[PDB]
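K.L.:
Before we start, here is the structure in question, set down as structure tokens.
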Protein chains: 2
Amino acid sequence: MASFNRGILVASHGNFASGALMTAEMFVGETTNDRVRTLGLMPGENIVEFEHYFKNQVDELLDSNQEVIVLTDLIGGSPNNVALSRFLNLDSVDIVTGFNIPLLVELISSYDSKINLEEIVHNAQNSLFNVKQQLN
Amino acid sequence: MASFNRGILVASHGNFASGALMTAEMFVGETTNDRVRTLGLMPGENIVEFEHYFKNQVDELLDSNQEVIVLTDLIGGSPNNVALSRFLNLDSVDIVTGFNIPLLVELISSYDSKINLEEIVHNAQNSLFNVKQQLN
């Protein structure tokens, strides 16, 4: 079976993650399940059920990709807490929190390529900005 | 009628905007239409219809708030293009692009308060980060 370079899991409380993917696909085209997945921790769901769904999404992406980047909505959220505890020392799994559309788009566009992740992250930070201030 | 401090319009291609609000409300509680709105430019919709929906959302928020912050998904997207052209020199309307959940949450939490927007933006940039790198 194919082992691609890099899978992406986008995870959040609520609908942030699936909505981000939907929007990203408007720019980069439809993705498939062996490369990109989302997971939302919904109102009324507990972290016990969520936890193993999460673990399963990352494990399954690793069957098809050499590495996985987990994008989470914010630091100290449950998706981020779970990701860090479950995959703390697994070097093939990266965790970037506070993601925006520019990060997600760039990671999808480059997932069959070599990347510099620090540079991608740095550019995604710089993509969040006050537009009148910056355009003068 | 009440003029509050600050309204928020969250705008994007697709479902990014509504999904971001839904998620933000999991942290800060349910919002109402006179303070916070979303708008998505959907597949199959043109910028001609979208444009005036957009204008109308900002105008109506200004009936109830002294200022409005428009959050858009990315620079050079149609929501951002429209916002900048329509409200270029209206000082009561700010435009911050590349938004993430930390920005949206903070702006909702502080919308009845005096703010330092530069500081909020700077902190939102710093909220997007590689968590293993930063936690060492």
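Ordering of the structure tokens sets the chain letters (A, B, ...); residue numbers start at 1 within each chain; ligands are numbered from 1 in the order shown.
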Lay chain B over chain A using all C-alpha atoms, matched one to one in order, with a least-squares fit; then write it out as a compact mmCIF listing (two decimals) with N, CA and C atoms, in the first residue's frame.

P.N.:
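Here's the written file out_3.txt:
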```
# COMPACT_ATOMS: atom_id res chain seq x y z
N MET B 1 0.84 -1.24 0.00
CA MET B 1 0.00 0.00 0.00
C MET B 1 0.87 1.29 0.00
N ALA B 2 0.30 2.39 -0.49
CA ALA B 2 0.98 3.69 -0.56
C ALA B 2 1.27 4.29 0.84
N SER B 3 2.53 4.69 1.10
CA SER B 3 2.87 5.57 2.24
C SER B 3 3.28 6.89 1.63
N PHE B 4 2.37 7.85 1.74
CA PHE B 4 2.61 9.22 1.34
C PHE B 4 3.44 9.96 2.39
N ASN B 5 3.81 11.20 2.08
CA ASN B 5 4.70 11.94 2.97
C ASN B 5 4.05 12.31 4.31
N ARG B 6 2.82 12.83 4.27
CA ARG B 6 2.29 13.63 5.37
C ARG B 6 0.77 13.62 5.33
N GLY B 7 0.15 13.19 6.42
CA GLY B 7 -1.30 13.30 6.64
C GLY B 7 -1.64 14.47 7.57
N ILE B 8 -2.90 14.88 7.59
CA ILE B 8 -3.25 16.04 8.40
C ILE B 8 -4.49 15.70 9.16
N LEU B 9 -4.45 15.86 10.47
CA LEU B 9 -5.69 15.78 11.23
C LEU B 9 -6.03 17.17 11.77
N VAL B 10 -7.24 17.63 11.51
CA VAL B 10 -7.65 18.95 12.00
C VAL B 10 -8.64 18.67 13.09
N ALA B 11 -8.34 19.11 14.31
CA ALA B 11 -9.21 18.78 15.45
C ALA B 11 -9.59 20.00 16.27
N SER B 12 -10.83 20.06 16.76
CA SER B 12 -11.25 21.19 17.57
C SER B 12 -12.43 20.81 18.45
N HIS B 13 -12.72 21.62 19.46
CA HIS B 13 -14.11 21.65 19.98
C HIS B 13 -15.03 22.13 18.85
N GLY B 14 -16.24 21.57 18.78
CA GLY B 14 -17.21 22.00 17.78
C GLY B 14 -16.80 21.87 16.32
N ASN B 15 -17.45 22.69 15.49
CA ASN B 15 -17.41 22.62 14.05
C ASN B 15 -16.25 23.40 13.40
N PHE B 16 -15.37 24.01 14.19
CA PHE B 16 -14.22 24.76 13.62
C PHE B 16 -13.41 23.96 12.60
N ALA B 17 -13.03 22.73 13.00
CA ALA B 17 -12.23 21.81 12.19
C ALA B 17 -12.86 21.41 10.87
N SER B 18 -14.10 20.89 10.90
CA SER B 18 -14.72 20.50 9.63
C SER B 18 -14.98 21.73 8.72
N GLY B 19 -15.37 22.84 9.32
CA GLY B 19 -15.59 24.06 8.55
C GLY B 19 -14.31 24.58 7.93
N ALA B 20 -13.21 24.51 8.67
CA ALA B 20 -11.89 24.85 8.10
C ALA B 20 -11.51 23.97 6.91
N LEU B 21 -11.76 22.67 6.99
CA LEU B 21 -11.42 21.80 5.85
C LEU B 21 -12.25 22.13 4.64
N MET B 22 -13.56 22.25 4.82
CA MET B 22 -14.51 22.59 3.76
C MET B 22 -14.02 23.84 3.02
N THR B 23 -13.68 24.88 3.79
CA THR B 23 -13.17 26.13 3.22
C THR B 23 -11.84 25.93 2.52
N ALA B 24 -10.92 25.18 3.14
CA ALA B 24 -9.62 24.93 2.53
C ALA B 24 -9.77 24.22 1.18
N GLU B 25 -10.78 23.34 1.06
CA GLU B 25 -11.01 22.58 -0.17
C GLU B 25 -11.52 23.48 -1.30
N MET B 26 -12.09 24.63 -0.93
CA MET B 26 -12.52 25.61 -1.93
C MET B 26 -11.30 26.19 -2.62
N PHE B 27 -10.16 26.15 -1.95
CA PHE B 27 -8.91 26.64 -2.53
C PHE B 27 -8.05 25.56 -3.16
N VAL B 28 -7.95 24.39 -2.52
CA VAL B 28 -6.97 23.38 -2.94
C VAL B 28 -7.61 22.12 -3.53
N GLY B 29 -8.94 22.09 -3.62
CA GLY B 29 -9.66 20.92 -4.14
C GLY B 29 -9.98 19.90 -3.05
N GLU B 30 -10.90 19.00 -3.37
CA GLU B 30 -11.42 18.01 -2.43
C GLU B 30 -10.28 17.08 -1.94
N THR B 31 -10.23 16.78 -0.65
CA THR B 31 -9.21 15.85 -0.14
C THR B 31 -9.86 14.49 0.13
N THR B 32 -9.04 13.47 0.38
CA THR B 32 -9.55 12.16 0.79
C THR B 32 -9.05 11.75 2.19
N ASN B 33 -9.77 10.79 2.76
CA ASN B 33 -9.62 10.25 4.10
C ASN B 33 -8.27 9.61 4.46
N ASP B 34 -7.55 9.12 3.47
CA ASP B 34 -6.22 8.59 3.73
C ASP B 34 -5.17 9.70 3.84
N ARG B 35 -5.54 10.96 3.58
CA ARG B 35 -4.57 12.09 3.69
C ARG B 35 -4.98 13.15 4.70
N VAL B 36 -6.27 13.41 4.82
CA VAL B 36 -6.79 14.48 5.67
C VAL B 36 -8.06 14.07 6.35
N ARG B 37 -8.12 14.36 7.65
CA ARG B 37 -9.31 14.07 8.45
C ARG B 37 -9.63 15.20 9.40
N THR B 38 -10.88 15.27 9.85
CA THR B 38 -11.21 16.20 10.91
C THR B 38 -11.87 15.49 12.09
N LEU B 39 -11.81 16.11 13.26
CA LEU B 39 -12.54 15.60 14.41
C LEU B 39 -13.01 16.76 15.26
N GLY B 40 -14.30 16.77 15.61
CA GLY B 40 -14.84 17.78 16.50
C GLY B 40 -15.33 17.18 17.81
N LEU B 41 -14.97 17.81 18.92
CA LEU B 41 -15.50 17.44 20.22
C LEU B 41 -16.79 18.24 20.43
N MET B 42 -17.92 17.55 20.29
CA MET B 42 -19.22 18.19 20.24
C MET B 42 -19.78 18.46 21.64
N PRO B 43 -20.69 19.46 21.76
CA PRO B 43 -21.45 19.66 23.02
C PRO B 43 -22.08 18.34 23.46
N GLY B 44 -21.98 18.00 24.74
CA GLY B 44 -22.56 16.75 25.23
C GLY B 44 -21.68 15.49 25.11
N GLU B 45 -20.54 15.58 24.40
CA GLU B 45 -19.58 14.47 24.29
C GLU B 45 -18.53 14.60 25.37
N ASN B 46 -18.09 13.49 25.96
CA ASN B 46 -17.06 13.54 27.01
C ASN B 46 -15.69 13.22 26.42
N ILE B 47 -14.63 13.56 27.15
CA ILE B 47 -13.27 13.33 26.67
C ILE B 47 -12.85 11.86 26.65
N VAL B 48 -13.69 10.98 27.21
CA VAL B 48 -13.35 9.55 27.29
C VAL B 48 -13.62 8.93 25.94
N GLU B 49 -14.81 9.16 25.38
CA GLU B 49 -15.11 8.70 24.01
C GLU B 49 -14.25 9.43 22.96
N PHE B 50 -14.11 10.75 23.11
CA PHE B 50 -13.37 11.58 22.16
C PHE B 50 -11.90 11.12 22.00
N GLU B 51 -11.26 10.90 23.15
CA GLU B 51 -9.89 10.44 23.27
C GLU B 51 -9.52 9.27 22.34
N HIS B 52 -10.35 8.24 22.29
CA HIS B 52 -9.94 7.11 21.47
C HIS B 52 -10.27 7.27 19.99
N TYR B 53 -11.30 8.06 19.69
CA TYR B 53 -11.58 8.48 18.32
C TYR B 53 -10.39 9.22 17.77
N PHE B 54 -9.89 10.16 18.58
CA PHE B 54 -8.69 10.93 18.27
C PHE B 54 -7.47 10.05 18.00
N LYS B 55 -7.18 9.15 18.94
CA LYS B 55 -6.06 8.23 18.82
C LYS B 55 -6.18 7.44 17.53
N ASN B 56 -7.36 6.90 17.28
CA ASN B 56 -7.65 6.14 16.06
C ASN B 56 -7.45 6.92 14.76
N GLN B 57 -7.87 8.19 14.73
CA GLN B 57 -7.63 9.04 13.54
C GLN B 57 -6.14 9.22 13.25
N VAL B 58 -5.33 9.46 14.28
CA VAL B 58 -3.89 9.65 14.05
C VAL B 58 -3.22 8.33 13.61
N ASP B 59 -3.53 7.23 14.31
CA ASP B 59 -2.99 5.90 13.98
C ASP B 59 -3.30 5.52 12.54
N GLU B 60 -4.55 5.68 12.14
CA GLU B 60 -4.95 5.33 10.78
C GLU B 60 -4.32 6.19 9.69
N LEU B 61 -4.06 7.45 10.01
CA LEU B 61 -3.38 8.32 9.08
C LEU B 61 -1.93 7.86 8.96
N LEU B 62 -1.35 7.39 10.05
CA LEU B 62 0.03 6.84 9.99
C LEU B 62 0.19 5.54 9.19
N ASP B 63 -0.92 4.84 8.93
CA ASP B 63 -0.86 3.66 8.08
C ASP B 63 -0.58 4.04 6.64
N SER B 64 -0.91 5.30 6.27
CA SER B 64 -0.86 5.79 4.88
C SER B 64 0.08 6.95 4.66
N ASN B 65 0.68 7.45 5.73
CA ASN B 65 1.53 8.62 5.61
C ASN B 65 2.70 8.39 6.52
N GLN B 66 3.87 8.88 6.15
CA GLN B 66 5.05 8.75 7.03
C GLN B 66 4.98 9.61 8.30
N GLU B 67 4.42 10.81 8.17
CA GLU B 67 4.20 11.70 9.30
C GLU B 67 2.76 12.20 9.34
N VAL B 68 2.35 12.73 10.49
CA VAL B 68 1.05 13.41 10.62
C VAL B 68 1.24 14.76 11.34
N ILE B 69 0.63 15.81 10.80
CA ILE B 69 0.48 17.07 11.52
C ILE B 69 -0.95 17.14 12.06
N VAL B 70 -1.04 17.29 13.37
CA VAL B 70 -2.29 17.54 14.05
C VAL B 70 -2.42 19.06 14.21
N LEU B 71 -3.51 19.60 13.68
CA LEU B 71 -3.86 21.02 13.90
C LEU B 71 -4.96 21.07 14.94
N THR B 72 -4.73 21.85 16.00
CA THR B 72 -5.77 22.00 17.01
C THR B 72 -6.17 23.48 17.17
N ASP B 73 -7.38 23.70 17.69
CA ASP B 73 -7.98 25.02 17.69
C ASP B 73 -7.29 26.01 18.63
N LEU B 74 -6.94 25.55 19.84
CA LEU B 74 -6.25 26.40 20.78
C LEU B 74 -5.52 25.60 21.88
N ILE B 75 -4.47 26.19 22.45
CA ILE B 75 -3.76 25.61 23.58
C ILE B 75 -4.70 25.40 24.80
N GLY B 76 -4.56 24.29 25.51
CA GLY B 76 -5.38 24.10 26.72
C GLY B 76 -6.80 23.68 26.38
N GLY B 77 -7.14 23.57 25.11
CA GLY B 77 -8.37 22.87 24.70
C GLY B 77 -8.19 21.35 24.82
N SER B 78 -9.29 20.60 24.81
CA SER B 78 -9.21 19.14 24.99
C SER B 78 -8.55 18.44 23.79
N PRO B 79 -8.88 18.84 22.52
CA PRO B 79 -8.13 18.24 21.41
C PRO B 79 -6.62 18.39 21.58
N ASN B 80 -6.16 19.58 21.96
CA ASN B 80 -4.72 19.74 22.16
C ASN B 80 -4.20 18.93 23.34
N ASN B 81 -4.95 18.88 24.45
CA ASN B 81 -4.51 18.13 25.64
C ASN B 81 -4.31 16.64 25.32
N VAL B 82 -5.30 16.08 24.62
CA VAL B 82 -5.28 14.69 24.20
C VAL B 82 -4.12 14.40 23.22
N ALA B 83 -3.96 15.25 22.21
CA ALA B 83 -2.89 15.06 21.23
C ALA B 83 -1.51 14.98 21.91
N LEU B 84 -1.24 15.94 22.79
CA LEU B 84 0.05 16.03 23.43
C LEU B 84 0.30 14.82 24.35
N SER B 85 -0.71 14.41 25.12
CA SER B 85 -0.50 13.30 26.03
C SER B 85 -0.33 11.99 25.27
N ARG B 86 -1.18 11.78 24.26
CA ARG B 86 -1.17 10.52 23.53
C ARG B 86 0.07 10.35 22.65
N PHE B 87 0.55 11.43 22.04
CA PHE B 87 1.66 11.34 21.08
C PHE B 87 2.90 12.13 21.47
N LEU B 88 3.05 12.38 22.78
CA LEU B 88 4.11 13.22 23.33
C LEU B 88 5.48 13.00 22.70
N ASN B 89 5.93 11.73 22.67
CA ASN B 89 7.27 11.42 22.22
C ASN B 89 7.30 10.73 20.85
N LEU B 90 6.15 10.64 20.17
CA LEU B 90 6.16 10.11 18.81
C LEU B 90 6.58 11.18 17.80
N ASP B 91 7.84 11.12 17.37
CA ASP B 91 8.38 12.13 16.49
C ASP B 91 7.66 12.28 15.14
N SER B 92 7.01 11.22 14.67
CA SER B 92 6.28 11.28 13.39
C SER B 92 4.98 12.11 13.50
N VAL B 93 4.62 12.54 14.71
CA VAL B 93 3.39 13.32 14.89
C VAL B 93 3.73 14.70 15.39
N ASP B 94 3.42 15.71 14.58
CA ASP B 94 3.55 17.08 15.01
C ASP B 94 2.22 17.67 15.44
N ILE B 95 2.28 18.65 16.35
CA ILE B 95 1.08 19.31 16.86
C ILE B 95 1.23 20.83 16.75
N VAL B 96 0.39 21.47 15.94
CA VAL B 96 0.41 22.94 15.80
C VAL B 96 -0.95 23.45 16.24
N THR B 97 -0.97 24.32 17.24
CA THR B 97 -2.24 24.80 17.75
C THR B 97 -2.58 26.22 17.23
N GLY B 98 -3.79 26.69 17.49
CA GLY B 98 -4.18 28.05 17.06
C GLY B 98 -4.22 28.24 15.54
N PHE B 99 -4.47 27.15 14.79
CA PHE B 99 -4.41 27.20 13.33
C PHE B 99 -5.41 28.15 12.68
N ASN B 100 -5.07 28.60 11.48
CA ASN B 100 -5.94 29.44 10.68
C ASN B 100 -6.05 28.85 9.26
N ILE B 101 -6.83 29.47 8.39
CA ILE B 101 -7.00 28.93 7.04
C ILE B 101 -5.66 28.92 6.28
N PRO B 102 -4.87 30.01 6.37
CA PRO B 102 -3.57 29.98 5.66
C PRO B 102 -2.65 28.79 6.01
N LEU B 103 -2.54 28.43 7.30
CA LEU B 103 -1.80 27.22 7.69
C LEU B 103 -2.38 25.96 7.05
N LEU B 104 -3.70 25.76 7.18
CA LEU B 104 -4.33 24.54 6.67
C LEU B 104 -4.14 24.42 5.16
N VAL B 105 -4.45 25.49 4.42
CA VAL B 105 -4.22 25.53 2.98
C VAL B 105 -2.79 25.19 2.58
N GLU B 106 -1.80 25.81 3.23
CA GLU B 106 -0.41 25.57 2.89
C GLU B 106 0.01 24.12 3.17
N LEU B 107 -0.40 23.58 4.32
CA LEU B 107 -0.09 22.19 4.66
C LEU B 107 -0.73 21.22 3.67
N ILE B 108 -1.96 21.50 3.24
CA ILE B 108 -2.55 20.60 2.21
C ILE B 108 -1.78 20.69 0.88
N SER B 109 -1.49 21.92 0.44
CA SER B 109 -0.80 22.14 -0.84
C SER B 109 0.58 21.50 -0.92
N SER B 110 1.21 21.32 0.24
CA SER B 110 2.59 20.85 0.31
C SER B 110 2.72 19.42 0.87
N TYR B 111 1.60 18.70 1.00
CA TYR B 111 1.67 17.41 1.68
C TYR B 111 2.31 16.24 0.88
N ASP B 112 2.68 16.51 -0.37
CA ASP B 112 3.42 15.53 -1.16
C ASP B 112 4.85 15.99 -1.38
N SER B 113 5.22 17.02 -0.65
CA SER B 113 6.50 17.66 -0.83
C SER B 113 7.31 17.65 0.48
N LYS B 114 8.62 17.85 0.35
CA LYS B 114 9.46 18.22 1.50
C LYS B 114 9.02 19.59 1.99
N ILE B 115 8.99 19.77 3.31
CA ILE B 115 8.64 21.10 3.84
C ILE B 115 9.62 21.59 4.91
N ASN B 116 9.63 22.90 5.13
CA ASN B 116 10.20 23.48 6.33
C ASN B 116 9.02 23.93 7.22
N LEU B 117 8.71 23.13 8.24
CA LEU B 117 7.55 23.37 9.09
C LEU B 117 7.66 24.67 9.90
N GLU B 118 8.88 25.00 10.34
CA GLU B 118 9.08 26.23 11.10
C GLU B 118 8.68 27.42 10.25
N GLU B 119 9.09 27.39 8.98
CA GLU B 119 8.83 28.46 8.05
C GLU B 119 7.33 28.56 7.73
N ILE B 120 6.69 27.41 7.56
CA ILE B 120 5.24 27.35 7.33
C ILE B 120 4.49 27.95 8.51
N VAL B 121 4.87 27.55 9.72
CA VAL B 121 4.26 28.11 10.95
C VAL B 121 4.48 29.63 11.07
N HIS B 122 5.72 30.07 10.89
CA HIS B 122 6.07 31.48 10.91
C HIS B 122 5.23 32.25 9.87
N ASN B 123 5.11 31.72 8.66
CA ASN B 123 4.31 32.42 7.65
C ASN B 123 2.80 32.46 8.00
N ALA B 124 2.30 31.41 8.63
CA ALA B 124 0.91 31.36 9.06
C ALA B 124 0.61 32.38 10.16
N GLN B 125 1.55 32.57 11.10
CA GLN B 125 1.45 33.66 12.10
C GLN B 125 1.37 35.03 11.43
N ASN B 126 2.21 35.25 10.42
CA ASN B 126 2.26 36.52 9.72
C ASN B 126 1.06 36.72 8.83
N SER B 127 0.33 35.64 8.52
CA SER B 127 -0.93 35.72 7.76
C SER B 127 -2.15 36.19 8.57
N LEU B 128 -2.01 36.23 9.89
CA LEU B 128 -3.00 36.83 10.76
C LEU B 128 -2.58 38.28 11.03
N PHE B 129 -3.31 39.24 10.47
CA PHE B 129 -2.91 40.62 10.64
C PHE B 129 -4.02 41.64 10.40
N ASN B 130 -3.82 42.84 10.95
CA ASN B 130 -4.76 43.95 10.76
C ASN B 130 -4.50 44.49 9.35
N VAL B 131 -5.48 44.36 8.47
CA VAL B 131 -5.18 44.68 7.08
C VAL B 131 -5.03 46.18 6.74
N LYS B 132 -5.75 47.06 7.44
CA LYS B 132 -5.63 48.51 7.20
C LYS B 132 -4.29 49.01 7.73
N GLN B 133 -3.90 48.53 8.91
CA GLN B 133 -2.59 48.86 9.48
C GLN B 133 -1.47 48.44 8.54
N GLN B 134 -1.55 47.24 8.00
CA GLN B 134 -0.45 46.72 7.21
C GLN B 134 -0.42 47.30 5.81
N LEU B 135 -1.59 47.60 5.25
CA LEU B 135 -1.67 48.14 3.89
C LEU B 135 -1.53 49.67 3.91
N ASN B 136 -1.54 50.22 5.12
CA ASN B 136 -1.34 51.66 5.42
C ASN B 136 -2.50 52.58 4.99
```

K.L.:
Determine which residues of stretch 12-94 of chain A receive a DSSP assignment of helix (DSSP H, G or I), computed from the backbone, and state them as a PyMOL selection string.

P.N.:
chain A and resi 16-28+47-62+78-87

K.L.:
Could you find all residues in stretch 29-78 of chain A that DSSP calls strand (DSSP E) from the backbone, and write them as a list in words?

P.N.:
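Residues meeting the strand (DSSP E) criterion: residues 36, 37, 38, 39, 40, 41, 65, 66, 67, 68, 69, 70, 71 and 72 of chain A.
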